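Undergrad: Structure provided below as structure tokens; questions to follow.
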Amino acid sequence: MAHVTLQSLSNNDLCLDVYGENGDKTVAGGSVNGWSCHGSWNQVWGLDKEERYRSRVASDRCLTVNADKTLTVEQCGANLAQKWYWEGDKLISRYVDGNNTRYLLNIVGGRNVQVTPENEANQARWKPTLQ
Amino acid sequence: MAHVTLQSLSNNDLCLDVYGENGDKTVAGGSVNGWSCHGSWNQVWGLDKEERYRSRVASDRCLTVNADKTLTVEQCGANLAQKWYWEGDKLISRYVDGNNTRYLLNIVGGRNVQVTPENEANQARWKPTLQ
Amino acid sequence: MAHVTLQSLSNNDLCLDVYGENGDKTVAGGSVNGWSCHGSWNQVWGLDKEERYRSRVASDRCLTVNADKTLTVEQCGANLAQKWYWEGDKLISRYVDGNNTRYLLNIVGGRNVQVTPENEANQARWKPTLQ
Amino acid sequence: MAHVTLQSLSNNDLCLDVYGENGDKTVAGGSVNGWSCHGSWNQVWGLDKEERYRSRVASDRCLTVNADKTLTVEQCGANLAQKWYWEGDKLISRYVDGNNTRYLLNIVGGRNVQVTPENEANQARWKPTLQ
Amino acid sequence: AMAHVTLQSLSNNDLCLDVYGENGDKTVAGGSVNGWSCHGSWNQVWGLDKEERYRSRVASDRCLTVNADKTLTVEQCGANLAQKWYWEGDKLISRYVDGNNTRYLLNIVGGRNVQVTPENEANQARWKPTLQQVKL
Amino acid sequence: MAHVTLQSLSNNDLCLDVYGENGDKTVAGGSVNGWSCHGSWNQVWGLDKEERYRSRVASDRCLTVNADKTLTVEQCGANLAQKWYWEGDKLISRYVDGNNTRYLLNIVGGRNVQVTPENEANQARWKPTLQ
Amino acid sequence: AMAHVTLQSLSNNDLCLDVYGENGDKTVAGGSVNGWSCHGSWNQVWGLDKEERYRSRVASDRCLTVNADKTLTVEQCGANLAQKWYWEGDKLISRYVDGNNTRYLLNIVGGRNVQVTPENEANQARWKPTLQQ
Ligand SMILES: CC(=O)N[C@@H]1[C@@H](O)[C@@H](O)[C@@H](CO)O[C@H]1O
Ligand SMILES: CC(=O)N[C@@H]1[C@@H](O)[C@@H](O)[C@@H](CO)O[C@H]1O
Ligand SMILES: CC(=O)N[C@@H]1[C@@H](O)[C@@H](O)[C@@H](CO)O[C@H]1O
Ligand SMILES: CC(=O)N[C@@H]1[C@@H](O)[C@@H](O)[C@@H](CO)O[C@H]1O
Ligand SMILES: CC(=O)N[C@@H]1[C@@H](O)[C@@H](O)[C@@H](CO)O[C@H]1O
Ligand SMILES: CC(=O)N[C@@H]1[C@@H](O)[C@@H](O)[C@@H](CO)O[C@H]1O
Ligand SMILES: CC(=O)N[C@@H]1[C@@H](O)[C@@H](O)[C@@H](CO)O[C@H]1O
């Protein structure tokens with residue numbers, strides 16, 4: 001498995017970053033958003049055999065689409081909300097709902113990163129960058 | 001032969017699952033429907049050389065299309081109702097009837113899984129996943 | 001040479017089968033038709049270098065189209081009535097006559113296998129199946 | 001050089017056959033026509049580097065278009081009337097004349113084989129069959 | 001392996017991308033980059049690294065960098081898209097982004113001045129990376 | 001270099017032939033025309049690296065297009081009138097004039113062989129045949 | 001080790017690119033280049049180097065050069081696009097640029113005169129790099 005940073009190509013310096021909870025980067029349920037690139041453990045990810053992006057902050061922390069379309073790290077499971085695949089420079093969630101849309105990883109403003117309907121995902125270019 | 005789980009890509013957590021008959025998963029004629037993924041043996045399957053999906057619940061149990069379009073596990077034979085092939089993420093039965101239609105493995109509501117005429121199969125995406 | 005059964009994809013359970021004559025399945029001139037699949041000696045065939053389908057029932061027995069379009073096993077010779085080729089899942093005779101048509105291995109009714117002019121051959125899908 | 005029989009696909013049992021003259025199959029000028037296939041030497045042919053079809057009846061016997069469009073075996077020379085090429089199942093002579101036409105090996109009635117203008121050659125399908 | 005190249009214009013009969021430096025010193029961080037006639041010295045040799053940065057051979061840790069005013073400098077190497085470059089045929093394209101919905105191309109904007117320019121206006125923007133033997 | 005006869009496919013027996021001058025096949029300026037095929041040295045040719053067809057009649061004799069479009073053998077030089085290339089069964093001269101047409105080796109009547117404008121070259125099929 | 005080629009026209013039955021030189025001296029810098037019948041002497045032999053220059057065998061350091069007025073000379077070798085050449089099929093195309101926004105092609109412009117000509121006017125512009133060795 002390749003350890004990578006997930007660096008935005010829609011912003012001059014933003015990487016996908018485990019904010020954590022109250023300084024604690026290792027906590028289950030910790031928030032994920034954007035930050036200037038520095039490649040510390042909370043910015044390194046690995047894509048496993050189940051299409052989950054595992055964080056290097058600790059064991060058993062997977063990038064997770066939440067109901068409100070925000071991002072956290074959570075214990076790894078089988079949910080499609082934890083599955084990801086690439087199409088060119090688009091990073092797409094396998095998450096499904098009644099809206100008949102694919103959801104793309106996308107900068108929604110400032111350092112906020114969420115998933116956004118494909119048609120409306122305007123800052124959704126990423127590069128998996130080998131550490 | 002590769003042992004796989006058959007996970008839905010049309011539902012955020014559904015796998016093809018041997019319910020059995022009265023809690024007994026090994027019974028011939030036991031029901032097959034959907035359930036959340038946990039990869040126990042009643043959710044593991046193997047596609048043999050005769051295009052049958054063998055269940056790991058016990059020997060000689062093949063995924064079978066019934067006349068009412070529901071699914072069971074039965075003793076393995078030559079019937080087309082036990083034969084399956086992939087097209088992309090669609091899992092297609094070789095079963096024929098008087099409808100000039102192919103039948104696709106499909107979620108028809110809740111955790112109910114059946115085969116549905118191709119034109120009407122709108123929750124019929126699956127991913128075979130190595131165990 | 002691959003030894004196969006010839007199973008219909010147009011009928012849920014029918015294989016090309018040597019019936020024989022009066023119980024005797026080794027006799028030249030023995031009848032060929034449809035039966036449920038069991039893979040026993042009288043359902044096993046092999047396509048030779050001369051495009052003949054040889055039967056496992058005895059040496060020197062070839063699948064043969066007759067005048068009236070029924071099928072028998074006969075001694076192997078050079079006649080086009082004994083030559084067969086595949087186009088996708090269609091199995092076609094090289095037999096010629098004055099009727100401006102190709103003849104396809106086909107099911108008419110439910111139990112009777114014969115060859116049929118192509119344009120009327122509505123249940124003519126087959127699968128050569130190893131073992 | 002691969003030796004073949006030249007079997008018709010427009011007739012259920014006809015091969016190109018050196019008749020000879022008065023029982024002698026080896027004689028120069030000997031007639032060529034059709035016969036049921038038996039694969040003896042007077043039905044075996046080889047395409048040489050000059051595109052001549054050499055008969056196995058004897059040395060130096062090539063399939064030759066005569067001025068009346070009948071066929072004989074003759075001593076091998078450079079004339080286009082001895083040159084042949086395939087195009088699908090059509091076997092075409094390089095013979096030229098003022099008729100703006102290609103001449104195809106063709107059954108013209110019964111066991112008579114001649115070459116015929118392409119737009120009128122109705123029984124002109126052949127298959128070279130390896131021995 | 002990183003190839004040492006000159007970046008020669010195909011839109012001007014004799015212009016290479018060149019570290020001007022400052023005050024005669026070609027090694028300074030923040031030194032200007034523009035065009036000059038080709039001579040292939042170290043301040044004209046470049047190498048594309050695994051992070052898509054064009055490193056100058058003039059000194060360690062000098063990367064071709066798009067500035068806010070679209071001029072070019074060499075700067076200490078980091079992660080910013082302003083230092084990332086990719087080829088499409090003979091166009092050398094910056095990964096720099098802003099609100100103008102455009103790609104920026106390496107472009108001669110007049111005389112020996114080289115900047116990046118919006119794609120639809122980049123008329124002297126053809127380049128050839130040319131393998132250059134480097135003397136130690 | 002591969003020695004060939006240049007045999008016509010537009011005439012049942014014609015090969016490109018060095019006639020010579022006064023019975024002498026070796027003379028520079030000797031005429032080239034057609035003749036029945038016998039494969040003696042005045043009918044054997046070799047295409048060299050300069051695209052010249054060298055005759056085996058004698059050293060330093062190349063097939064040459066003359067201003068009047070007749071053919072000779074001449075001392076080998078650099079002129080395009082001595083260069084030839086194949087497209088399919090057409091043999092084309094590199095010869096140029098102000099008419100902006102390509103010239104093809106062509107039978108123009110009986111055993112007369114010349115070069116002819118491409119559009120009008122109707123007996124211009126050739127086969128380079130290995131000796 | 002550059003392959004020895006002549007640059008022979010396919011638009012004229014016998015014309016090669018040829019260093020005329022000056023007053024019989026084929027080695028001189030700024031020597032004129034035009035056409036002549038093909039004889040393969042060193043003033044007609046060329047080599048394409050790694051910088052896309054056609055070097056003449058008349059002397060060290062002599063490259064085929066497009067001049068401002070579109071005539072051709074041999075000159076000391078340098079980096080100028082005016083000395084760079086590439087092939088597309090039987091067209092030999094210069095990298096020279098100017099204000100006209102055209103590619104320039106090696107072209108016969110009358111008798112033995114060879115220049116470069118704008119692409120869409122170049123009617124005697126077919127060439128074959130012909131191997132000598
Ligand atoms: C080096 C490091 O961990 N820095 C983190 C940063 O990546 C980001 O997560 C931020 C969120 O507020 O907090 C910082 O402490
Ligand atoms: C771990 C396990 O076997 N769980 C099964 C489940 O897969 C499903 O078959 C369900 C049907 O009602 O019954 C459960 O007991
Ligand atoms: C089990 C078995 O072999 N059954 C054969 C069947 O294949 C078919 O040929 C039939 C025709 O009457 O005869 C049976 O004896
Ligand atoms: C076995 C054999 O060679 N049979 C030949 C047959 O091929 C055919 O040429 C025929 C002509 O009338 O004569 C037979 O003797
Ligand atoms: C030999 C050399 O380095 N020449 C440089 C040139 O490359 C360019 O940078 C110029 C900037 O004004 O200064 C010159 O001194
Ligand atoms: C064997 C031989 O060389 N025969 C030549 C023939 O090929 C042709 O050139 C003819 C023209 O008149 O003259 C003959 O003498
Ligand atoms: C054999 C030889 O070198 N002849 C040259 C010719 O190549 C050409 O350069 C010409 C220009 O006027 O001058 C001649 O002296």
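Quick note on naming: the chains in the structure tokens go A, B, ... in the order shown, residues restart at 1 in each chain, and ligands are numbered from 1 in order of appearance.
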Do you know which residues are at most 7 Å from region 55-57 of chain F counting only C-alpha atoms, after dropping those on the same chain fewer than 3 positions away, and could you put them as an MDAnalysis selection string?

TA: chainID F and resid 25:26 41:42 44:46 61:62

Undergrad: Between chain A and ligand 1, at 7 Å or less, what are the per-residue closest atom pairs and their distances in Å? Count only C-alpha atoms and all ligand atoms, order by chain and rising residue number, and return it as JSON lines.

TA:
```
{"residue": "A:17", "atom": "CA", "partner": "ligand 1", "partner_atom_place_in_ligand_line": "9 (O)", "distance": 5.6}
{"residue": "A:18", "atom": "CA", "partner": "ligand 1", "partner_atom_place_in_ligand_line": "9 (O)", "distance": 5.3}
{"residue": "A:19", "atom": "CA", "partner": "ligand 1", "partner_atom_place_in_ligand_line": "9 (O)", "distance": 3.7}
{"residue": "A:20", "atom": "CA", "partner": "ligand 1", "partner_atom_place_in_ligand_line": "9 (O)", "distance": 6.8}
{"residue": "A:23", "atom": "CA", "partner": "ligand 1", "partner_atom_place_in_ligand_line": "15 (O)", "distance": 6.6}
{"residue": "A:35", "atom": "CA", "partner": "ligand 1", "partner_atom_place_in_ligand_line": "7 (O)", "distance": 5.8}
{"residue": "A:40", "atom": "CA", "partner": "ligand 1", "partner_atom_place_in_ligand_line": "1 (C)", "distance": 6.2}
{"residue": "A:42", "atom": "CA", "partner": "ligand 1", "partner_atom_place_in_ligand_line": "7 (O)", "distance": 6.4}
{"residue": "A:43", "atom": "CA", "partner": "ligand 1", "partner_atom_place_in_ligand_line": "7 (O)", "distance": 6.9}
```

Undergrad: What are the residues of chain G that have an atom within 9 Å of an atom of chain F, counting only C-alpha atoms, as a PDB file with N, CA, C and O atoms, in the first residue's frame?

TA:
```pdb
ATOM      1  N   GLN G   8      18.349  14.955 -51.340  1.00  0.00           N
ATOM      2  CA  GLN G   8      17.995  14.900 -52.748  1.00  0.00           C
ATOM      3  C   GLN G   8      16.509  15.302 -52.957  1.00  0.00           C
ATOM      4  O   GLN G   8      15.606  14.829 -52.244  1.00  0.00           O
ATOM      5  N   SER G   9      16.259  16.146 -53.952  1.00  0.00           N
ATOM      6  CA  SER G   9      14.884  16.531 -54.304  1.00  0.00           C
ATOM      7  C   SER G   9      14.074  15.395 -54.878  1.00  0.00           C
ATOM      8  O   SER G   9      14.598  14.598 -55.672  1.00  0.00           O
ATOM      9  N   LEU G  10      12.794  15.322 -54.495  1.00  0.00           N
ATOM     10  CA  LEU G  10      11.854  14.471 -55.190  1.00  0.00           C
ATOM     11  C   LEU G  10      10.946  15.310 -56.084  1.00  0.00           C
ATOM     12  O   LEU G  10      10.000  14.774 -56.665  1.00  0.00           O
ATOM     13  N   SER G  11      11.267  16.589 -56.236  1.00  0.00           N
ATOM     14  CA  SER G  11      10.423  17.504 -57.034  1.00  0.00           C
ATOM     15  C   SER G  11      11.148  17.914 -58.328  1.00  0.00           C
ATOM     16  O   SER G  11      10.630  18.667 -59.137  1.00  0.00           O
ATOM     17  N   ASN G  12      12.352  17.381 -58.506  1.00  0.00           N
ATOM     18  CA  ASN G  12      13.255  17.690 -59.616  1.00  0.00           C
ATOM     19  C   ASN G  12      14.035  16.386 -59.891  1.00  0.00           C
ATOM     20  O   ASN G  12      14.503  15.739 -58.939  1.00  0.00           O
ATOM     21  N   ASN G  13      14.189  16.022 -61.141  1.00  0.00           N
ATOM     22  CA  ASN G  13      14.717  14.716 -61.471  1.00  0.00           C
ATOM     23  C   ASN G  13      16.193  14.558 -61.088  1.00  0.00           C
ATOM     24  O   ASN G  13      16.674  13.439 -61.044  1.00  0.00           O
ATOM     25  N   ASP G  14      16.912  15.664 -60.869  1.00  0.00           N
ATOM     26  CA  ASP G  14      18.302  15.524 -60.369  1.00  0.00           C
ATOM     27  C   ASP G  14      18.779  16.817 -59.714  1.00  0.00           C
ATOM     28  O   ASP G  14      19.347  17.679 -60.373  1.00  0.00           O
ATOM     29  N   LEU G  15      18.485  16.954 -58.430  1.00  0.00           N
ATOM     30  CA  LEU G  15      18.933  18.097 -57.641  1.00  0.00           C
ATOM     31  C   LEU G  15      19.171  17.676 -56.185  1.00  0.00           C
ATOM     32  O   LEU G  15      18.317  17.042 -55.584  1.00  0.00           O
ATOM     33  N   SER G  37      23.259  19.161 -59.455  1.00  0.00           N
ATOM     34  CA  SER G  37      23.077  17.752 -59.735  1.00  0.00           C
ATOM     35  C   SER G  37      23.833  16.910 -58.726  1.00  0.00           C
ATOM     36  O   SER G  37      24.878  17.321 -58.211  1.00  0.00           O
ATOM     37  N   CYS G  38      23.277  15.743 -58.426  1.00  0.00           N
ATOM     38  CA  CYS G  38      23.762  14.925 -57.314  1.00  0.00           C
ATOM     39  C   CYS G  38      25.074  14.253 -57.704  1.00  0.00           C
ATOM     40  O   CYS G  38      25.146  13.585 -58.723  1.00  0.00           O
ATOM     41  N   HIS G  39      26.130  14.486 -56.943  1.00  0.00           N
ATOM     42  CA  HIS G  39      27.357  13.735 -57.175  1.00  0.00           C
ATOM     43  C   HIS G  39      27.935  13.154 -55.899  1.00  0.00           C
ATOM     44  O   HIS G  39      28.827  12.360 -55.980  1.00  0.00           O
ATOM     45  N   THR G 130      19.066  10.819 -48.245  1.00  0.00           N
ATOM     46  CA  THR G 130      19.521   9.614 -48.932  1.00  0.00           C
ATOM     47  C   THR G 130      20.844   9.097 -48.378  1.00  0.00           C
ATOM     48  O   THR G 130      21.882   9.761 -48.467  1.00  0.00           O
ATOM     49  N   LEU G 131      20.792   7.881 -47.863  1.00  0.00           N
ATOM     50  CA  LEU G 131      21.923   7.279 -47.144  1.00  0.00           C
ATOM     51  C   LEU G 131      23.078   6.994 -48.089  1.00  0.00           C
ATOM     52  O   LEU G 131      22.890   6.366 -49.100  1.00  0.00           O
TER      53      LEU G 131
END
```

Undergrad: For residue 108 (chain G), work out the shell of residues within 9 Å, counting only C-alpha atoms and skipping chain neighbours fewer than 2 positions away, then give it as a list in words.

TA: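 Selected residues are residues 9, 11, 12, 34, 35, 106, 110, 111, 112, 113, 114, 115, 116, 117, 122, 123, 124 and 125 of chain G.
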
Undergrad: Can you work out the spacing between CA of residue 54 (chain G) and atom 3 (O, counted along the ligand's line) of ligand 7 in Å, to one decimal?

TA: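 Between these atoms lies a distance of 18.6 Å.
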
Undergrad: Write as a list in words the residues around ligand 5, taking 8 Å as the cut-off and counting only C-alpha atoms and all ligand atoms.

TA: residues 18, 19, 20, 21, 24, 26, 34, 35, 36, 37, 38, 39, 41, 42, 43 and 44 of chain E

Undergrad: Could you save the residues just selected, with N, CA, C and O atoms, as a PDB file, in the first residue's frame?

TA:
```
ATOM      1  N   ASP E  18      16.021  31.584 -18.160  1.00  0.00           N
ATOM      2  CA  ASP E  18      17.320  32.004 -17.619  1.00  0.00           C
ATOM      3  C   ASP E  18      17.139  32.652 -16.229  1.00  0.00           C
ATOM      4  O   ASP E  18      16.309  33.526 -16.074  1.00  0.00           O
ATOM      5  N   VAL E  19      17.913  32.206 -15.243  1.00  0.00           N
ATOM      6  CA  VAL E  19      17.950  32.831 -13.927  1.00  0.00           C
ATOM      7  C   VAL E  19      18.890  34.022 -14.025  1.00  0.00           C
ATOM      8  O   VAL E  19      20.119  33.881 -14.173  1.00  0.00           O
ATOM      9  N   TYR E  20      18.293  35.197 -13.949  1.00  0.00           N
ATOM     10  CA  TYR E  20      18.999  36.462 -13.960  1.00  0.00           C
ATOM     11  C   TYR E  20      19.717  36.694 -12.631  1.00  0.00           C
ATOM     12  O   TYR E  20      20.823  37.215 -12.580  1.00  0.00           O
ATOM     13  N   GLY E  21      19.062  36.310 -11.549  1.00  0.00           N
ATOM     14  CA  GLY E  21      19.642  36.465 -10.233  1.00  0.00           C
ATOM     15  C   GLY E  21      19.448  37.904  -9.806  1.00  0.00           C
ATOM     16  O   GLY E  21      18.492  38.539 -10.243  1.00  0.00           O
ATOM     17  N   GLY E  24      24.258  40.362 -10.059  1.00  0.00           N
ATOM     18  CA  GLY E  24      25.265  39.468 -10.585  1.00  0.00           C
ATOM     19  C   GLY E  24      25.222  38.082  -9.973  1.00  0.00           C
ATOM     20  O   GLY E  24      25.773  37.151 -10.541  1.00  0.00           O
ATOM     21  N   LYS E  26      23.568  34.742  -9.298  1.00  0.00           N
ATOM     22  CA  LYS E  26      22.520  33.877  -9.841  1.00  0.00           C
ATOM     23  C   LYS E  26      21.917  32.911  -8.827  1.00  0.00           C
ATOM     24  O   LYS E  26      20.933  32.255  -9.131  1.00  0.00           O
ATOM     25  N   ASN E  34      13.934  35.171 -16.412  1.00  0.00           N
ATOM     26  CA  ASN E  34      13.410  35.699 -17.668  1.00  0.00           C
ATOM     27  C   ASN E  34      14.076  34.987 -18.822  1.00  0.00           C
ATOM     28  O   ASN E  34      14.484  33.854 -18.642  1.00  0.00           O
ATOM     29  N   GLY E  35      14.183  35.615 -19.999  1.00  0.00           N
ATOM     30  CA  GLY E  35      14.769  34.949 -21.147  1.00  0.00           C
ATOM     31  C   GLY E  35      16.117  35.536 -21.472  1.00  0.00           C
ATOM     32  O   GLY E  35      16.390  36.684 -21.142  1.00  0.00           O
ATOM     33  N   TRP E  36      16.963  34.734 -22.101  1.00  0.00           N
ATOM     34  CA  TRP E  36      18.267  35.192 -22.565  1.00  0.00           C
ATOM     35  C   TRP E  36      18.648  34.355 -23.774  1.00  0.00           C
ATOM     36  O   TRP E  36      18.058  33.293 -23.995  1.00  0.00           O
ATOM     37  N   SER E  37      19.638  34.786 -24.540  1.00  0.00           N
ATOM     38  CA  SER E  37      20.173  33.938 -25.607  1.00  0.00           C
ATOM     39  C   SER E  37      20.774  32.686 -24.975  1.00  0.00           C
ATOM     40  O   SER E  37      21.272  32.715 -23.833  1.00  0.00           O
ATOM     41  N   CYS E  38      20.711  31.573 -25.701  1.00  0.00           N
ATOM     42  CA  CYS E  38      21.038  30.271 -25.129  1.00  0.00           C
ATOM     43  C   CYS E  38      22.554  30.064 -25.067  1.00  0.00           C
ATOM     44  O   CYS E  38      23.231  30.214 -26.075  1.00  0.00           O
ATOM     45  N   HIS E  39      23.086  29.752 -23.889  1.00  0.00           N
ATOM     46  CA  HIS E  39      24.493  29.400 -23.754  1.00  0.00           C
ATOM     47  C   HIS E  39      24.655  28.122 -22.892  1.00  0.00           C
ATOM     48  O   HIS E  39      25.729  27.558 -22.824  1.00  0.00           O
ATOM     49  N   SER E  41      24.742  27.419 -19.655  1.00  0.00           N
ATOM     50  CA  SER E  41      25.372  27.434 -18.346  1.00  0.00           C
ATOM     51  C   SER E  41      24.366  27.023 -17.274  1.00  0.00           C
ATOM     52  O   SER E  41      23.175  26.804 -17.567  1.00  0.00           O
ATOM     53  N   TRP E  42      24.827  26.920 -16.032  1.00  0.00           N
ATOM     54  CA  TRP E  42      23.978  26.366 -14.979  1.00  0.00           C
ATOM     55  C   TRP E  42      22.667  27.167 -14.772  1.00  0.00           C
ATOM     56  O   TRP E  42      21.642  26.593 -14.418  1.00  0.00           O
ATOM     57  N   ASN E  43      22.706  28.474 -14.998  1.00  0.00           N
ATOM     58  CA  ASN E  43      21.535  29.308 -14.802  1.00  0.00           C
ATOM     59  C   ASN E  43      20.570  29.186 -15.978  1.00  0.00           C
ATOM     60  O   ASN E  43      19.593  29.907 -16.056  1.00  0.00           O
ATOM     61  N   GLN E  44      20.826  28.218 -16.856  1.00  0.00           N
ATOM     62  CA  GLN E  44      19.925  27.919 -17.949  1.00  0.00           C
ATOM     63  C   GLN E  44      19.560  26.440 -17.941  1.00  0.00           C
ATOM     64  O   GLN E  44      18.886  25.962 -18.855  1.00  0.00           O
TER      65      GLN E  44
END
```

Undergrad: Pull out every residue of chain E that has at least one atom within 8 Å of chain G, counting only C-alpha atoms, and report them as a list in words.

TA: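 Only these qualify: residues 10, 11, 12, 13, 14, 38 and 39 of chain E.
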
Undergrad: Write the residues of the preceding selection, restricted to C-alpha atoms, as an mmCIF file, in the first residue's frame.

TA:
```cif
data_model
loop_
_atom_site.group_PDB
_atom_site.id
_atom_site.type_symbol
_atom_site.label_atom_id
_atom_site.label_comp_id
_atom_site.auth_asym_id
_atom_site.auth_seq_id
_atom_site.Cartn_x
_atom_site.Cartn_y
_atom_site.Cartn_z
ATOM 1 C CA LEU E 10 10.291 27.664 -30.233
ATOM 2 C CA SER E 11 8.506 31.090 -30.554
ATOM 3 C CA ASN E 12 11.731 33.132 -30.632
ATOM 4 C CA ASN E 13 14.793 32.278 -32.708
ATOM 5 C CA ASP E 14 17.145 32.428 -29.677
ATOM 6 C CA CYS E 38 21.038 30.271 -25.129
ATOM 7 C CA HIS E 39 24.493 29.400 -23.754
#
```

Undergrad: Among chain A, which ones does DSSP assign to strand (DSSP E or B) (computed from the backbone)? Answer as a ChimeraX atom specification.

TA: /A:3-8,15-21,24,31-35,45-47,53-55,62-65,71-74,84-87,90-93,103-109,112-117,126-130

Undergrad: I want to know what sits within 6 Å of region 27-30 of chain B, based on only C-alpha atoms, with residues of the same chain fewer than 5 positions away left out; could you give that as a compact mmCIF listing (two decimals) with N, CA and C atoms, in the first residue's frame?

TA:
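Okay, this is what ended up in out_34.txt:
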```txt
# COMPACT_ATOMS: atom_id res chain seq x y z
N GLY B 20 -31.38 -18.83 5.25
CA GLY B 20 -31.73 -20.20 5.60
C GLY B 20 -33.22 -20.43 5.78
N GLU B 21 -33.56 -21.46 6.55
CA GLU B 21 -34.95 -21.80 6.88
C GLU B 21 -35.03 -21.98 8.38
N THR B 72 -33.03 -18.68 -3.59
CA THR B 72 -32.73 -19.65 -2.54
C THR B 72 -31.35 -20.28 -2.78
N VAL B 73 -30.88 -21.12 -1.84
CA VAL B 73 -29.77 -22.02 -2.13
C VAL B 73 -30.33 -23.43 -2.28
N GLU B 74 -29.88 -24.14 -3.30
CA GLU B 74 -30.36 -25.48 -3.65
C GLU B 74 -29.16 -26.35 -4.00
```

Undergrad: What residues of the protein or nucleic acid chains come within 7 Å of ligand 7 when you use only C-alpha atoms and all ligand atoms? Reply as a PyMOL selection string.

TA: chain G and resi 18-21+24+36+39+41+43-44

Undergrad: Which residues, written as an NGL selection string, have at least one atom at most 6 Å from residue 57 (chain E), with only C-alpha atoms counted and residues fewer than 2 positions away on the same chain left out?

TA: :E and (42 or 45-46 or 59)

Undergrad: Which residues, written as a list in words, have at least one atom at most 9 Å from residue 8 (chain B), with only C-alpha atoms counted and residues fewer than 2 positions away on the same chain left out?

TA: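 Once the nearby chain positions are removed, what remains is residues 80 of chain A; 6, 10, 11, 12, 13, 14, 15, 16, 107, 123, 124, 125, 126, 127 and 128 of chain B.
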
Undergrad: Can I get the selected residues back with N, CA and C atoms, as a JSON list (two decimals), in the first residue's frame?

TA:
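Wrote out.json, looks like this:
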```json
[["chain", "number", "residue", "atom", "x", "y", "z"],
["A", 80, "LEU", "N", -20.45, 1.90, 2.32],
["A", 80, "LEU", "CA", -20.03, 2.58, 1.10],
["A", 80, "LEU", "C", -19.59, 4.02, 1.40],
["B", 6, "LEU", "N", -20.67, -10.61, -1.94],
["B", 6, "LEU", "CA", -21.35, -9.89, -3.02],
["B", 6, "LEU", "C", -22.00, -8.68, -2.37],
["B", 10, "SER", "N", -25.62, -0.24, -4.56],
["B", 10, "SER", "CA", -26.85, 0.55, -4.68],
["B", 10, "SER", "C", -27.49, 0.82, -3.31],
["B", 11, "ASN", "N", -26.86, 0.29, -2.28],
["B", 11, "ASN", "CA", -27.34, 0.43, -0.91],
["B", 11, "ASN", "C", -26.09, 0.58, -0.06],
["B", 12, "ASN", "N", -26.09, 1.49, 0.90],
["B", 12, "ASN", "CA", -24.86, 1.80, 1.61],
["B", 12, "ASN", "C", -24.29, 0.68, 2.48],
["B", 13, "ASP", "N", -25.11, -0.31, 2.81],
["B", 13, "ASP", "CA", -24.63, -1.49, 3.54],
["B", 13, "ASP", "C", -25.57, -2.67, 3.35],
["B", 14, "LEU", "N", -25.38, -3.37, 2.25],
["B", 14, "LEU", "CA", -26.15, -4.59, 1.99],
["B", 14, "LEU", "C", -25.28, -5.61, 1.26],
["B", 15, "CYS", "N", -25.31, -6.84, 1.76],
["B", 15, "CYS", "CA", -24.60, -7.97, 1.17],
["B", 15, "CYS", "C", -25.57, -9.10, 0.92],
["B", 16, "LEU", "N", -25.29, -9.91, -0.09],
["B", 16, "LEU", "CA", -26.11, -11.09, -0.36],
["B", 16, "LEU", "C", -25.85, -12.15, 0.70],
["B", 107, "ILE", "N", -32.12, -5.25, -5.69],
["B", 107, "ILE", "CA", -32.80, -4.91, -4.45],
["B", 107, "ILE", "C", -34.16, -4.35, -4.77],
["B", 123, "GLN", "N", -31.75, -0.89, -8.66],
["B", 123, "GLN", "CA", -30.86, -1.06, -7.51],
["B", 123, "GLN", "C", -30.07, -2.36, -7.65],
["B", 124, "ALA", "N", -29.41, -2.51, -8.81],
["B", 124, "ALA", "CA", -28.88, -3.78, -9.27],
["B", 124, "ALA", "C", -27.36, -3.74, -9.53],
["B", 125, "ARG", "N", -26.69, -2.82, -8.86],
["B", 125, "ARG", "CA", -25.23, -2.77, -8.90],
["B", 125, "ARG", "C", -24.62, -3.60, -7.76],
["B", 126, "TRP", "N", -23.61, -4.41, -8.08],
["B", 126, "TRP", "CA", -22.91, -5.25, -7.09],
["B", 126, "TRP", "C", -21.41, -5.24, -7.31],
["B", 127, "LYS", "N", -20.66, -5.53, -6.25],
["B", 127, "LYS", "CA", -19.21, -5.67, -6.34],
["B", 127, "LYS", "C", -18.76, -6.98, -5.68],
["B", 128, "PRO", "N", -18.19, -7.90, -6.46],
["B", 128, "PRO", "CA", -17.67, -9.10, -5.80],
["B", 128, "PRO", "C", -16.38, -8.74, -5.10]]
```

Undergrad: Give me the residues within 7 Å of residue 71 (chain C) as JSON, numbers by chain, counting only C-alpha atoms and dropping any in the same chain fewer than 4 places off.

TA: {"C": [31, 32, 33, 63, 64, 65, 66, 114]}
